[PDB]
Structure formats: structure tokens, C-alpha cells
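> 3D, please:
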Amino acid sequence: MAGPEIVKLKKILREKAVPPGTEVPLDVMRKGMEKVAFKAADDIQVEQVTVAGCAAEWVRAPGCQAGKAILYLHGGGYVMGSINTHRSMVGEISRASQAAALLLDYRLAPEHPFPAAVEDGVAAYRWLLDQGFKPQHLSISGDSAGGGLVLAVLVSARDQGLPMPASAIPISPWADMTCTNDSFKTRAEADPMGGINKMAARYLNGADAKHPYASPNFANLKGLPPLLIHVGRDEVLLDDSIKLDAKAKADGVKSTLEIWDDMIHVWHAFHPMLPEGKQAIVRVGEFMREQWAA
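Residues are numbered from 1 along each chain as shown. Sure, structure below:
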């Protein structure tokens, strides 16, 4: 029916979770994500760089193709996450896609609200182009909030005349800051991963929640490059993804959406103990490579 590992992981996550309602202070949520992050695989090579005034790492699995690069935008509700929280998952995407990842430590809210993260994303992309990477050798990817930022970065880039990269992969994207979608009710019980509305509040700091660079589900997608959208069936953000796919299709974008049954928010991040995490990462890699061969 459902795999044994997901059933197991669902139980561990329900057990470890803080109870519904209780307010976890920000720097406490921040530290907890750091402290619990998976260590990247031993064969992942890392190089610290500065990119548009942000800390970054080049994240190079074995097998990287010369000339290829992923701008990777991490999750964390726009308020948390770092190079550290995501080095592990991004190592595996680099493995699968045989491409080095640029892992950006973009400005986080509330210290730096919207559109700070979009400016960092766009500049990061401009930096890659400036470094000599060709549009057709580039891909943009990210998870959760980062996966919304993927879209925002594209839209914003398109608007400023930048060429589109060959592909983009939003993973469990948060692309609608209103958080009104049916799936917050429909998929609530199945999702072990209020809390989210606070992050939107902190990121927006008063801005219009239907701003296209905050909620790319209200943006004009015309001209974006081909998309692979990943989302699990068992997450409150199911609707962001279904609606992002229909938007893209309507705006004439080549969109492939895959709902993975039984899966949770960014199940990729649990690749060390979830076969489906590895499987979905492999597939992100295959899709990036497919798009580079075309």
C-alpha cells in the first residue's frame, strides 16, 4: 500500500513534532533546523564563494559536467534554512544531474523582508551568466519557499531582460502566500510537516500577498523554461502545485507535474532513509539532463 519507510518516517515526525498552537521563537526554530540537518555525503566536494554579497557554496558531487550549474534556492519559509540545512539534499541533486550546484545563502526575513530574497536570487542568476555559464547550461531549483523563489526569480529575471535557463524544478513549492488553498483543510490530517501564516506575515512585512514575486501563482508565467514540479500527495501545499501547473500550462509553459503518492513536504530531504527521497532526487537529475540534451 504505502512503503514501510514512509509509515515509519511519518511516525517519527509525529512523535518529534511540537504540538499544534505552541509558538516556537524564531532563533529556536533556526537552531533546531541547523542542529538536525543531515551531514552531506562523504564524496561531496564543497567550495565557499561570495555571490551578490551572499555566502554560497559550490556543491560538487562526483561526476560534474564542465559548463553545467544549478542555482539552488533553499527552503525554510523565507525565515530559516541555510547552506548547512540543505547541503545534503543538494549534494544528491548534483549527483543525479551530474552538475555542480550553486547553494545560495540568500537574505532571510524578518531581518530582510520581501523582496530581499528575490533580489538575491536574480543577482545570483546574473552572477552565473556573468561567470560565463550559458543559459542553456543552467537550471534553477529549490524546495518549499525556495521552490516559490525559483518561480519568482524566473519571473523577475524575465521582466528585466535576462535569458531563461534551460529548466526549473520547484520541489514542494510554496507559491501562494495567502495560504487559502483547499489543501490546507483537505490534506491537514495526512501532513506531519498558524505556523506557516506567521512566516508569510514575517516575509511580506505588509506587502501585498498576491504580489507576483511573493506569490508566483498570481504571476504571468509566459516564457518560463520547462518545469518539473514535485509535490507529495500528503501535504497542505498540494494545491499550490496543482494550481502552479495549470497557470504554467495556461501561460504556454512546458510543465510536468508529478504528485508522488504517500509523500510529504520535500520528502527528498529524507533521502538517507526514504527510498522515494532518493528516487525523486534521481528523477530531478534525469529531468535536468533531459532538458540539457534537448
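> burial count for residue 207?
14 (other Cβ atoms under 10 Å). Bear in mind the C-beta positions are built from the backbone N, C-alpha and C, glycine included.
> That one: what's it in contact with?
113, 114, 115, 214 (Cβ atoms under 8 Å, 6 or more residues apart in numbering).
> so what's the backbone phi/psi at the nearest residue to residue 34 once chain neighbours are set aside?
Using Cβ to Cβ, 6 or more residues apart in numbering and skipping residues adjacent in sequence, the residue nearest residue 34 is residue 84, 5.8 Å away. Main-chain torsions, residue 84, degrees, to the nearest 10: phi -60, psi -50.
> ok, so what distance separates residue 84 from residue 261?
31 Å (Cβ to Cβ, to the nearest Å).
> Who has more neighbours out of these two?
Using other Cβ under 10 Å, the more surrounded residue of residue 84 and residue 261 is residue 84, with 18 against 12.
> which element is residue 102 on?
Following DSSP states H and E, one finds residue 102 within strand 100-104.
> who touches the helix or strand following that strand?
Next along the chain after strand 100-104, taking DSSP H and E as the criterion, comes helix 116-131. With contact meaning Cβ under 8 Å, 6+ apart, helix 116-131 is reached by 51-54, 56, 69, 71, 73, 78, 102, 104, 106-109, 135, 138, 140, 149, 152-153, 156-157, 160, 162-163, 165, 203, 213.
> Identify the residue nearest the geometric centre of this structure.
Closest to where the C-alpha atoms of the chain average out (Cα atoms, centre = their mean) is residue 143, at 1.8 Å.
> first vs last residue of stretch 65-79, how far apart are they?
Using Cα to Cα, to the nearest Å, the end-to-end distance of stretch 65-79 comes out at 33 Å.
> List the buried residues for it?
68, 69, 70, 71, 72, 73, 74, 75, 76, 77, 78, 79 (16 or more other Cβ atoms under 10 Å).
> Repeat that for stretch 181-198.
Applying a neighbour-count criterion of 16+ other Cβ under 10 Å, one finds 181, 183, 184, 187, 190, 191, 192, 193, 196 buried in stretch 181-198.
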